[PDB]
file run_29.pdb (PDB, C-alpha atoms)
ATOM      1  CA  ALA A 349     -15.824   1.108 -16.222
ATOM      2  CA  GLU A 350     -14.528   0.076 -12.796
ATOM      3  CA  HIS A 351     -16.459   1.596  -9.880
ATOM      4  CA  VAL A 352     -14.786   1.789  -6.470
ATOM      5  CA  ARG A 353     -17.308   0.800  -3.801
ATOM      6  CA  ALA A 354     -17.361   1.274  -0.043
ATOM      7  CA  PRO A 355     -16.041  -1.701   1.969
ATOM      8  CA  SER A 356     -18.123  -0.967   5.078
ATOM      9  CA  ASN A 357     -20.370   1.661   6.630
ATOM     10  CA  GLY A 358     -18.745   4.724   8.145
ATOM     11  CA  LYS A 359     -17.335   8.179   7.485
ATOM     12  CA  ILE A 360     -15.217   9.129   4.468
ATOM     13  CA  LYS A 361     -12.231  11.274   5.473
ATOM     14  CA  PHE A 362      -9.900  12.735   2.851
ATOM     15  CA  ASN A 363      -7.910  15.936   2.437
ATOM     16  CA  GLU A 364      -9.734  18.263   0.035
ATOM     17  CA  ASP A 365      -6.626  20.363  -0.678
ATOM     18  CA  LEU A 366      -5.155  17.896  -3.196
ATOM     19  CA  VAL A 367      -8.400  17.387  -5.086
ATOM     20  CA  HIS A 368      -9.697  19.859  -7.633
ATOM     21  CA  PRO A 369     -13.388  20.680  -8.149
ATOM     22  CA  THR A 370     -15.233  19.316 -11.287
ATOM     23  CA  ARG A 371     -18.597  18.390 -12.803
ATOM     24  CA  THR A 372     -19.467  14.812 -13.661
ATOM     25  CA  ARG A 373     -20.890  13.824 -16.987
ATOM     26  CA  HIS A 374     -24.017  12.869 -15.124
ATOM     27  CA  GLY A 375     -24.249  16.379 -13.800
ATOM     28  CA  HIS A 376     -23.434  15.776 -10.197
ATOM     29  CA  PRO A 377     -20.882  17.731  -8.257
ATOM     30  CA  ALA A 378     -17.514  15.896  -7.844
ATOM     31  CA  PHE A 379     -13.778  16.026  -7.189
ATOM     32  CA  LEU A 380     -11.003  14.915  -9.569
ATOM     33  CA  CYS A 381      -7.782  13.469  -8.395
ATOM     34  CA  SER A 382      -4.737  13.938 -10.526
ATOM     35  CA  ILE A 383      -2.494  12.356  -7.907
ATOM     36  CA  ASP A 384      -2.630   9.450  -5.526
ATOM     37  CA  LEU A 385      -4.814   9.952  -2.442
ATOM     38  CA  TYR A 386      -5.699   7.722   0.514
ATOM     39  CA  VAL A 387      -9.296   7.816   1.756
ATOM     40  CA  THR A 388     -10.197   6.426   5.181
ATOM     41  CA  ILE A 389     -13.503   4.759   6.073
ATOM     42  CA  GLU A 390     -14.020   5.307   9.807
ATOM     43  CA  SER A 391     -16.083   2.201  10.546
ATOM     44  CA  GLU A 392     -17.123   0.653  13.859
ATOM     45  CA  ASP A 393     -13.953  -1.436  14.251
ATOM     46  CA  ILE A 394     -11.504  -1.095  11.346
ATOM     47  CA  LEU A 395     -10.461   1.327   8.595
ATOM     48  CA  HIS A 396      -9.996   0.962   4.798
ATOM     49  CA  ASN A 397      -7.904   2.792   2.112
ATOM     50  CA  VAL A 398      -8.280   2.863  -1.752
ATOM     51  CA  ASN A 399      -7.670   5.230  -4.768
ATOM     52  CA  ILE A 400      -6.296   5.503  -8.334
ATOM     53  CA  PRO A 401      -3.736   8.213  -9.198
ATOM     54  CA  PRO A 402      -3.993   9.041 -12.930
ATOM     55  CA  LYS A 403      -7.760   9.467 -13.141
ATOM     56  CA  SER A 404     -10.052   9.338 -10.152
ATOM     57  CA  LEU A 405     -13.430  10.955 -10.044
ATOM     58  CA  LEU A 406     -14.462  11.141  -6.421
ATOM     59  CA  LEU A 407     -18.208  11.417  -6.031
ATOM     60  CA  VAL A 408     -18.192  11.866  -2.264
ATOM     61  CA  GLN A 409     -17.494  14.661   0.184
ATOM     62  CA  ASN A 410     -15.404  14.815   3.361
ATOM     63  CA  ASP A 411     -17.019  13.619   6.607
ATOM     64  CA  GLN A 412     -19.861  11.920   4.721
ATOM     65  CA  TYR A 413     -21.600   8.843   6.123
ATOM     66  CA  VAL A 414     -21.878   6.146   3.448
ATOM     67  CA  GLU A 415     -23.244   2.612   3.493
ATOM     68  CA  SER A 416     -21.764  -0.536   1.989
ATOM     69  CA  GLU A 417     -21.734  -1.353  -1.751
ATOM     70  CA  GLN A 418     -22.090   2.317  -2.739
ATOM     71  CA  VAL A 419     -20.208   3.800  -5.692
ATOM     72  CA  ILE A 420     -17.541   6.126  -4.280
ATOM     73  CA  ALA A 421     -15.197   6.860  -7.199
ATOM     74  CA  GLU A 422     -14.807   6.013 -10.817
ATOM     75  CA  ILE A 423     -11.504   4.833 -12.172
ATOM     76  CA  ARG A 424     -12.747   6.669 -15.256
ATOM     77  CA  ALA A 425     -11.376   3.919 -17.395
ATOM     78  CA  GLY A 426      -8.327   6.102 -17.812
ATOM     79  CA  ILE A 427      -7.115   3.806 -20.556
ATOM     80  CA  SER A 428      -8.225   5.505 -23.757
ATOM     81  CA  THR A 429     -11.377   4.320 -25.481
ATOM     82  CA  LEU A 430     -11.236   3.479 -29.164
ATOM     83  CA  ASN A 431     -11.637   6.764 -31.001
ATOM     84  CA  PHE A 432     -14.766   6.062 -33.003
ATOM     85  CA  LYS A 433     -16.681   9.207 -32.206
ATOM     86  CA  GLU A 434     -20.290   9.104 -33.288
ATOM     87  CA  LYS A 435     -22.312  12.275 -32.874
ATOM     88  CA  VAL A 436     -26.029  11.814 -32.371
ATOM     89  CA  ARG A 437     -28.852  14.323 -32.313
ATOM     90  CA  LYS A 438     -31.448  13.973 -29.573
ATOM     91  CA  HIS A 439     -34.506  16.236 -29.695
ATOM     92  CA  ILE A 440     -36.221  17.753 -26.656
ATOM     93  CA  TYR A 441     -40.021  17.695 -26.909
ATOM     94  CA  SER A 442     -42.178  20.287 -25.166
ATOM     95  CA  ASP A 443     -44.515  18.764 -22.589
ATOM     96  CA  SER A 444     -47.002  21.665 -22.499
ATOM     97  CA  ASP A 445     -48.073  24.499 -24.782
ATOM     98  CA  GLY A 446     -46.914  28.084 -24.481
ATOM     99  CA  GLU A 447     -44.508  30.779 -25.632
TER     100      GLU A 447
ATOM    101  CA  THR B  51     -29.109 -41.152 -11.817
ATOM    102  CA  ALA B  52     -28.265 -41.965  -8.194
ATOM    103  CA  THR B  53     -28.124 -38.288  -7.199
ATOM    104  CA  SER B  54     -31.149 -37.050  -9.209
ATOM    105  CA  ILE B  55     -30.316 -33.351  -9.369
ATOM    106  CA  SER B  56     -33.265 -31.028  -9.981
ATOM    107  CA  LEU B  57     -34.010 -27.304 -10.164
ATOM    108  CA  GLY B  58     -36.876 -25.750  -8.212
ATOM    109  CA  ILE B  59     -38.553 -22.406  -7.642
ATOM    110  CA  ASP B  60     -37.078 -21.741  -4.200
ATOM    111  CA  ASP B  61     -33.800 -23.306  -5.361
ATOM    112  CA  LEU B  62     -33.132 -20.213  -7.462
ATOM    113  CA  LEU B  63     -31.296 -17.897  -5.102
ATOM    114  CA  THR B  64     -30.774 -14.162  -5.380
ATOM    115  CA  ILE B  65     -27.891 -12.240  -3.886
ATOM    116  CA  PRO B  66     -28.850 -11.246  -0.358
ATOM    117  CA  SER B  67     -28.607  -7.568  -1.188
ATOM    118  CA  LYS B  68     -30.777  -6.695  -4.122
ATOM    119  CA  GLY B  69     -33.488  -4.770  -2.410
ATOM    120  CA  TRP B  70     -30.926  -2.206  -1.370
ATOM    121  CA  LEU B  71     -29.203  -1.706  -4.732
ATOM    122  CA  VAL B  72     -32.438  -1.381  -6.715
ATOM    123  CA  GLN B  73     -33.889   0.907  -4.042
ATOM    124  CA  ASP B  74     -30.947   3.316  -4.028
ATOM    125  CA  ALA B  75     -30.824   3.245  -7.838
ATOM    126  CA  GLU B  76     -34.494   4.187  -8.151
ATOM    127  CA  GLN B  77     -34.081   6.821  -5.421
ATOM    128  CA  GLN B  78     -31.231   8.443  -7.355
ATOM    129  CA  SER B  79     -33.341   8.228 -10.519
ATOM    130  CA  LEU B  80     -36.140  10.090  -8.762
ATOM    131  CA  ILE B  81     -33.887  12.800  -7.471
ATOM    132  CA  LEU B  82     -32.531  13.302 -10.934
ATOM    133  CA  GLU B  83     -35.943  13.423 -12.518
ATOM    134  CA  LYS B  84     -37.018  16.056 -10.021
ATOM    135  CA  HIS B  85     -34.049  18.207 -10.717
ATOM    136  CA  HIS B  86     -34.377  17.902 -14.420
ATOM    137  CA  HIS B  87     -37.670  19.735 -14.134
ATOM    138  CA  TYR B  88     -36.014  22.517 -12.113
ATOM    139  CA  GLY B  89     -33.245  23.165 -14.643
ATOM    140  CA  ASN B  90     -30.313  21.787 -12.730
ATOM    141  CA  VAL B  91     -29.398  19.208 -15.347
ATOM    142  CA  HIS B  92     -29.945  18.662 -19.078
ATOM    143  CA  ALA B  93     -31.486  15.790 -20.975
ATOM    144  CA  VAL B  94     -28.263  14.374 -22.234
ATOM    145  CA  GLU B  95     -27.130  14.013 -18.677
ATOM    146  CA  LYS B  96     -30.376  12.454 -17.680
ATOM    147  CA  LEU B  97     -30.129  10.021 -20.508
ATOM    148  CA  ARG B  98     -26.612   9.115 -19.641
ATOM    149  CA  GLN B  99     -27.101   8.752 -15.955
ATOM    150  CA  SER B 100     -30.021   6.539 -16.399
TER     151      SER B 100
ATOM    152  CA  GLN C 195       6.770 -23.798  31.149
ATOM    153  CA  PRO C 196       5.235 -26.715  33.064
ATOM    154  CA  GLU C 197       1.428 -26.879  33.078
ATOM    155  CA  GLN C 198       0.938 -23.888  30.790
ATOM    156  CA  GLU C 199      -2.693 -22.742  30.890
ATOM    157  CA  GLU C 200      -4.228 -20.251  28.448
ATOM    158  CA  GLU C 201      -7.899 -19.284  28.637
ATOM    159  CA  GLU C 202     -10.197 -16.362  27.846
ATOM    160  CA  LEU C 203     -11.567 -14.703  30.981
ATOM    161  CA  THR C 204     -14.214 -12.635  29.187
ATOM    162  CA  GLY C 205     -17.286 -14.422  27.875
ATOM    163  CA  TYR C 206     -17.118 -12.897  24.394
ATOM    164  CA  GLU C 207     -13.689 -14.328  23.580
ATOM    165  CA  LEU C 208     -14.661 -17.718  25.020
ATOM    166  CA  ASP C 209     -17.813 -17.849  22.885
ATOM    167  CA  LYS C 210     -15.776 -16.752  19.859
ATOM    168  CA  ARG C 211     -13.154 -19.463  20.390
ATOM    169  CA  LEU C 212     -15.681 -22.231  21.067
ATOM    170  CA  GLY C 213     -18.174 -21.078  18.428
ATOM    171  CA  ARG C 214     -21.233 -20.369  20.578
ATOM    172  CA  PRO C 215     -23.796 -17.722  19.538
ATOM    173  CA  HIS C 216     -22.136 -14.327  19.937
ATOM    174  CA  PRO C 217     -22.389 -10.928  18.225
ATOM    175  CA  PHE C 218     -20.009 -10.211  15.369
ATOM    176  CA  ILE C 219     -18.851  -6.877  16.842
ATOM    177  CA  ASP C 220     -17.864  -6.707  20.506
ATOM    178  CA  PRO C 221     -20.190  -4.237  22.294
ATOM    179  CA  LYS C 222     -17.328  -3.359  24.585
ATOM    180  CA  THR C 223     -15.145  -2.357  21.706
ATOM    181  CA  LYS C 224     -17.902  -0.674  19.795
ATOM    182  CA  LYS C 225     -17.368   3.066  19.743
ATOM    183  CA  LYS C 226     -19.803   5.577  18.248
ATOM    184  CA  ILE C 227     -18.659   7.463  15.168
ATOM    185  CA  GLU C 228     -18.605  11.260  15.533
ATOM    186  CA  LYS C 229     -21.467  13.044  13.793
ATOM    187  CA  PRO C 230     -21.204  13.005  10.011
ATOM    188  CA  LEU C 231     -22.306  15.838   7.686
ATOM    189  CA  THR C 232     -25.994  16.529   7.972
ATOM    190  CA  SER C 233     -28.346  15.874   5.106
ATOM    191  CA  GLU C 234     -28.664  19.554   4.526
ATOM    192  CA  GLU C 235     -24.932  19.882   4.143
ATOM    193  CA  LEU C 236     -24.546  17.245   1.502
ATOM    194  CA  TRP C 237     -24.582  17.953  -2.195
ATOM    195  CA  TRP C 238     -27.937  17.519  -3.857
ATOM    196  CA  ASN C 239     -27.250  14.111  -5.290
ATOM    197  CA  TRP C 240     -26.777  12.557  -1.919
ATOM    198  CA  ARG C 241     -29.474  14.384  -0.023
ATOM    199  CA  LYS C 242     -32.264  12.225   1.347
TER     200      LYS C 242
ATOM    201  CA  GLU D  72     -27.922  40.572 -40.152
ATOM    202  CA  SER D  73     -25.905  42.034 -37.270
ATOM    203  CA  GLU D  74     -26.507  41.177 -33.657
ATOM    204  CA  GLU D  75     -27.334  44.748 -32.759
ATOM    205  CA  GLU D  76     -29.736  45.028 -35.670
ATOM    206  CA  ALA D  77     -31.357  41.758 -34.674
ATOM    207  CA  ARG D  78     -31.847  42.835 -31.066
ATOM    208  CA  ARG D  79     -33.313  46.105 -32.292
ATOM    209  CA  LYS D  80     -35.738  44.267 -34.509
ATOM    210  CA  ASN D  81     -36.766  42.025 -31.647
ATOM    211  CA  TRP D  82     -37.357  44.910 -29.263
ATOM    212  CA  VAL D  83     -39.418  46.695 -31.901
ATOM    213  CA  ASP D  84     -41.644  43.769 -32.926
ATOM    214  CA  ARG D  85     -41.462  40.670 -30.764
ATOM    215  CA  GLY D  86     -40.957  42.277 -27.353
ATOM    216  CA  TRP D  87     -37.720  40.852 -25.986
ATOM    217  CA  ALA D  88     -36.548  42.112 -22.595
ATOM    218  CA  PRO D  89     -33.538  40.900 -20.533
ATOM    219  CA  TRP D  90     -35.305  40.010 -17.297
ATOM    220  CA  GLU D  91     -33.527  39.138 -14.057
ATOM    221  CA  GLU D  92     -34.163  35.358 -13.984
ATOM    222  CA  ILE D  93     -33.421  34.683 -10.326
ATOM    223  CA  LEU D  94     -31.829  31.240 -10.090
ATOM    224  CA  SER D  95     -31.066  28.648  -7.438
ATOM    225  CA  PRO D  96     -27.508  27.787  -6.431
ATOM    226  CA  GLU D  97     -27.709  24.410  -8.058
ATOM    227  CA  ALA D  98     -28.658  26.120 -11.253
ATOM    228  CA  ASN D  99     -26.226  28.991 -11.091
ATOM    229  CA  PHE D 100     -23.515  26.331 -10.817
ATOM    230  CA  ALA D 101     -25.005  24.543 -13.829
ATOM    231  CA  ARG D 102     -25.007  27.724 -15.920
ATOM    232  CA  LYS D 103     -21.473  28.705 -14.870
ATOM    233  CA  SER D 104     -20.010  25.178 -15.092
ATOM    234  CA  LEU D 105     -21.130  23.860 -18.499
ATOM    235  CA  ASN D 106     -19.228  26.645 -20.290
ATOM    236  CA  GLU D 107     -15.786  25.107 -19.697
ATOM    237  CA  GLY D 108     -16.251  21.450 -20.570
ATOM    238  CA  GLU D 109     -16.966  18.073 -18.991
ATOM    239  CA  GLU D 110     -15.246  16.245 -16.148
ATOM    240  CA  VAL D 111     -12.655  18.951 -16.437
ATOM    241  CA  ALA D 112     -11.161  20.934 -13.572
ATOM    242  CA  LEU D 113     -12.975  24.211 -12.916
ATOM    243  CA  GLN D 114     -10.511  27.029 -13.622
ATOM    244  CA  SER D 115     -12.838  30.042 -13.714
ATOM    245  CA  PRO D 116     -13.237  31.962 -10.428
ATOM    246  CA  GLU D 117     -17.024  32.286 -10.647
ATOM    247  CA  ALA D 118     -17.340  28.550 -11.335
ATOM    248  CA  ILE D 119     -15.315  27.721  -8.216
ATOM    249  CA  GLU D 120     -17.406  30.182  -6.200
ATOM    250  CA  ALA D 121     -20.646  28.615  -7.451
ATOM    251  CA  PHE D 122     -19.277  25.158  -6.618
ATOM    252  CA  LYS D 123     -18.391  26.247  -3.080
ATOM    253  CA  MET D 124     -21.776  27.949  -2.608
ATOM    254  CA  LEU D 125     -23.552  24.571  -2.827
ATOM    255  CA  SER D 126     -23.112  24.140   0.946
ATOM    256  CA  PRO D 127     -25.451  25.932   3.381
ATOM    257  CA  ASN D 128     -22.732  26.545   5.978
ATOM    258  CA  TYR D 129     -20.477  28.134   3.356
ATOM    259  CA  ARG D 130     -23.252  30.576   2.447
ATOM    260  CA  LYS D 131     -24.085  31.331   6.086
ATOM    261  CA  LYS D 132     -20.388  32.045   6.683
ATOM    262  CA  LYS D 133     -19.960  34.202   3.571
ATOM    263  CA  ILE D 134     -23.016  36.265   4.529
ATOM    264  CA  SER D 135     -21.388  36.951   7.909
ATOM    265  CA  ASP D 136     -17.995  37.717   6.351
ATOM    266  CA  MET D 137     -19.534  40.773   4.660
ATOM    267  CA  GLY D 138     -21.783  41.651   7.612
ATOM    268  CA  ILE D 139     -25.314  41.279   6.237
ATOM    269  CA  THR D 140     -28.488  40.129   7.965
ATOM    270  CA  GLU D 141     -30.373  36.980   6.989
ATOM    271  CA  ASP D 142     -33.012  39.023   5.150
ATOM    272  CA  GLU D 143     -30.396  41.223   3.452
ATOM    273  CA  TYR D 144     -29.115  38.333   1.328
ATOM    274  CA  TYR D 145     -32.639  37.339   0.282
ATOM    275  CA  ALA D 146     -33.354  40.964  -0.640
ATOM    276  CA  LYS D 147     -30.108  41.169  -2.626
ATOM    277  CA  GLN D 148     -31.055  38.016  -4.545
ATOM    278  CA  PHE D 149     -34.008  39.870  -6.115
ATOM    279  CA  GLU D 150     -31.948  42.815  -7.340
ATOM    280  CA  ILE D 151     -32.274  44.507 -10.727
ATOM    281  CA  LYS D 152     -29.037  44.244 -12.696
ATOM    282  CA  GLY D 153     -27.964  46.363 -15.651
ATOM    283  CA  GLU D 154     -27.976  50.124 -15.978
ATOM    284  CA  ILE D 155     -30.543  51.829 -13.743
ATOM    285  CA  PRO D 156     -32.184  55.036 -15.028
ATOM    286  CA  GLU D 157     -31.759  58.360 -13.291
ATOM    287  CA  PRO D 158     -34.489  59.460 -10.851
TER     288      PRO D 158
END
call {"tool": "encode", "arguments": {"input": "run_29.pdb", "output": "structure tokens"}}
result
Amino acid sequence: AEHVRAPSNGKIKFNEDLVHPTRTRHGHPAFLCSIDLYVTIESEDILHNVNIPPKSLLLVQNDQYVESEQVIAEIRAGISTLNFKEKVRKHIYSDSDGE
Amino acid sequence: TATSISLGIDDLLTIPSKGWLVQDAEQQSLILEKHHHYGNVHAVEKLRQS
Amino acid sequence: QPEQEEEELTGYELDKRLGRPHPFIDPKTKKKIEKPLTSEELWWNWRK
Amino acid sequence: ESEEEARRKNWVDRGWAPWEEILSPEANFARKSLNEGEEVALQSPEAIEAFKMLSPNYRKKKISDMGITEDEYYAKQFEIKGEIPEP
């Protein structure tokens, strides 16, 4: 629900040893933090640090240049959603003919 | 009555940065839609990301 | 401290204290960031 | 019916054949990552390897770790798996 965004333009520097590889729901490659981490934004003048320990999905890599107001992590809304699971069936339609 | 407030066309102001957010959103949507055709992602993911 | 005088010798700090037109980031202080990961090196989602 | 019987039937009538299906890295990772779950930590070794192979420098370093030329890796990509018949 809550999306951590970049304070300013610069490089994202974080230690990749504490983060474990994962796959986002949206299919992108990502990193999951099960512990508290401190990311640094090497900007022109100042630096910035933010992260959430229980559930953080980090969508960015180390030494990556990012611009402002870009989604960096997802708090993942670690608080549990109401358990009203509804299962829906979507159908894939063929665009062209063939075997 | 003394102040006579009124709303105009140019008076409606948009957040300075909108051309950037919409542009990066549609760029990400394009990249996804390309990859979908290559087999890197599945429809449910496309639906969700969108 | 009789006749204490405090002033900004550089023009940037003087223009910042007075309020005259001046850049937000001091060009003196500005330092280039070291090269970030190339577009090729990024994951597909972020590639341009 | 049984899986073996079904495959036999297919080979006899429909014409099924397990082709190579050369894939991209982005896809190999997709095929070897969706088997575990979602937003879950990758525990399988091949999944972690496919995740690491998404970087060009990692691949160009792994190809040099084993001592293979630039064309050798591209030739090994199009390799026939499975049991090969005798000459």
call {"tool": "interface_residues", "arguments": {"input": "run_29.pdb", "of": "chain B", "to": "chain A", "cutoff": "12 Å", "atoms": "only C-alpha atoms", "output": "count of residues only"}}
result
27
call {"tool": "closest_residue", "arguments": {"input": "run_29.pdb", "among": "D:140, D:114, D:95, D:126", "to": "residue 369 of chain A", "atoms": "only C-alpha atoms"}}
result
D:114
call {"tool": "closest_residue", "arguments": {"input": "run_29.pdb", "among": "D:93, D:118, D:85, D:127", "to": "residue 233 of chain C", "atoms": "all atoms listed in the file"}}
result
D:127
call {"tool": "resolve_selection", "arguments": {"input": "run_29.pdb", "expression": "the PyMOL selection byres ((chain A) within 12 of (chain D))", "output": "list in words"}}
result
residues 367, 368, 369, 370, 371, 372, 373, 374, 375, 376, 377, 378, 379, 380, 381, 382, 403, 404, 405, 406, 407, 409, 422, 424 and 447 of chain A
call {"tool": "resolve_selection", "arguments": {"input": "run_29.pdb", "expression": "the PyMOL selection byres ((chain C and resi 235) around 10)", "output": "PDB file with C-alpha atoms, keeping the file's coordinate frame"}}
result
ATOM      1  CA  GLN A 409     -17.494  14.661   0.184  1.00  0.00           C
ATOM      2  CA  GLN A 412     -19.861  11.920   4.721  1.00  0.00           C
TER       3      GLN A 412
ATOM      4  CA  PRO C 230     -21.204  13.005  10.011  1.00  0.00           C
ATOM      5  CA  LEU C 231     -22.306  15.838   7.686  1.00  0.00           C
ATOM      6  CA  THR C 232     -25.994  16.529   7.972  1.00  0.00           C
ATOM      7  CA  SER C 233     -28.346  15.874   5.106  1.00  0.00           C
ATOM      8  CA  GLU C 234     -28.664  19.554   4.526  1.00  0.00           C
ATOM      9  CA  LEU C 236     -24.546  17.245   1.502  1.00  0.00           C
ATOM     10  CA  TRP C 237     -24.582  17.953  -2.195  1.00  0.00           C
ATOM     11  CA  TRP C 238     -27.937  17.519  -3.857  1.00  0.00           C
ATOM     12  CA  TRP C 240     -26.777  12.557  -1.919  1.00  0.00           C
ATOM     13  CA  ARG C 241     -29.474  14.384  -0.023  1.00  0.00           C
TER      14      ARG C 241
ATOM     15  CA  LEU D 125     -23.552  24.571  -2.827  1.00  0.00           C
ATOM     16  CA  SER D 126     -23.112  24.140   0.946  1.00  0.00           C
ATOM     17  CA  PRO D 127     -25.451  25.932   3.381  1.00  0.00           C
ATOM     18  CA  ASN D 128     -22.732  26.545   5.978  1.00  0.00           C
ATOM     19  CA  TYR D 129     -20.477  28.134   3.356  1.00  0.00           C
TER      20      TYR D 129
END
call {"tool": "atom_distance", "arguments": {"input": "run_29.pdb", "atom1": "atom CA of residue 400 of chain A", "atom2": "atom CA of residue 117 of chain D"}}
result
28.9 Å
call {"tool": "closest_residue", "arguments": {"input": "run_29.pdb", "among": "D:121, D:94, D:134, D:154", "to": "chain B", "atoms": "all atoms listed in the file"}}
result
D:94
call {"tool": "closest_atom_pairs", "arguments": {"input": "run_29.pdb", "of": "chain A", "to": "chain C", "cutoff": "9 Å", "atoms": "only C-alpha atoms", "output": "JSON lines"}}
result
{"residue": "A:358", "atom": "CA", "partner": "C:227", "partner_atom": "CA", "distance": 7.5}
{"residue": "A:359", "atom": "CA", "partner": "C:230", "partner_atom": "CA", "distance": 6.7}
{"residue": "A:376", "atom": "CA", "partner": "C:239", "partner_atom": "CA", "distance": 6.4}
{"residue": "A:377", "atom": "CA", "partner": "C:237", "partner_atom": "CA", "distance": 7.1}
{"residue": "A:390", "atom": "CA", "partner": "C:227", "partner_atom": "CA", "distance": 7.4}
{"residue": "A:391", "atom": "CA", "partner": "C:227", "partner_atom": "CA", "distance": 7.5}
{"residue": "A:392", "atom": "CA", "partner": "C:224", "partner_atom": "CA", "distance": 6.1}
{"residue": "A:393", "atom": "CA", "partner": "C:224", "partner_atom": "CA", "distance": 6.8}
{"residue": "A:408", "atom": "CA", "partner": "C:240", "partner_atom": "CA", "distance": 8.6}
{"residue": "A:409", "atom": "CA", "partner": "C:236", "partner_atom": "CA", "distance": 7.6}
{"residue": "A:410", "atom": "CA", "partner": "C:231", "partner_atom": "CA", "distance": 8.2}
{"residue": "A:411", "atom": "CA", "partner": "C:230", "partner_atom": "CA", "distance": 5.4}
{"residue": "A:412", "atom": "CA", "partner": "C:231", "partner_atom": "CA", "distance": 5.5}
{"residue": "A:413", "atom": "CA", "partner": "C:230", "partner_atom": "CA", "distance": 5.7}
call {"tool": "residues_around", "arguments": {"input": "run_29.pdb", "residues": "residue 389 of chain A", "least_positions_apart": "3", "cutoff": "8 Å", "atoms": "only C-alpha atoms", "output": "PyMOL selection string"}}
result
chain A and resi 356-361+395-397
call {"tool": "atom_distance", "arguments": {"input": "run_29.pdb", "atom1": "atom CA of residue 88 of chain B", "atom2": "atom CA of residue 92 of chain D"}}
result
13.1 Å
call {"tool": "decode", "arguments": {"input": "run_29.pdb", "residues": "segment 211-226 of chain C", "atoms": "C-alpha atoms", "output": "short mmCIF file (atom, residue, chain, number, x, y, z; two decimals), in the first residue's frame"}}
result
data_model
loop_
_atom_site.label_atom_id
_atom_site.label_comp_id
_atom_site.auth_asym_id
_atom_site.auth_seq_id
_atom_site.Cartn_x
_atom_site.Cartn_y
_atom_site.Cartn_z
CA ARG C 211 21.97 35.78 2.82
CA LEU C 212 20.59 38.86 1.06
CA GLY C 213 18.25 36.93 -1.25
CA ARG C 214 19.61 37.93 -4.66
CA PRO C 215 19.31 35.57 -7.66
CA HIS C 216 21.67 32.66 -7.05
CA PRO C 217 21.75 28.95 -7.96
CA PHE C 218 20.29 26.50 -5.47
CA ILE C 219 23.40 24.27 -5.47
CA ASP C 220 26.83 25.86 -5.10
CA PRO C 221 28.89 25.07 -8.24
CA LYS C 222 31.98 25.06 -6.08
CA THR C 223 30.58 22.38 -3.85
CA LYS C 224 29.04 20.42 -6.66
CA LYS C 225 30.89 17.16 -7.14
CA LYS C 226 30.18 14.66 -9.92
#
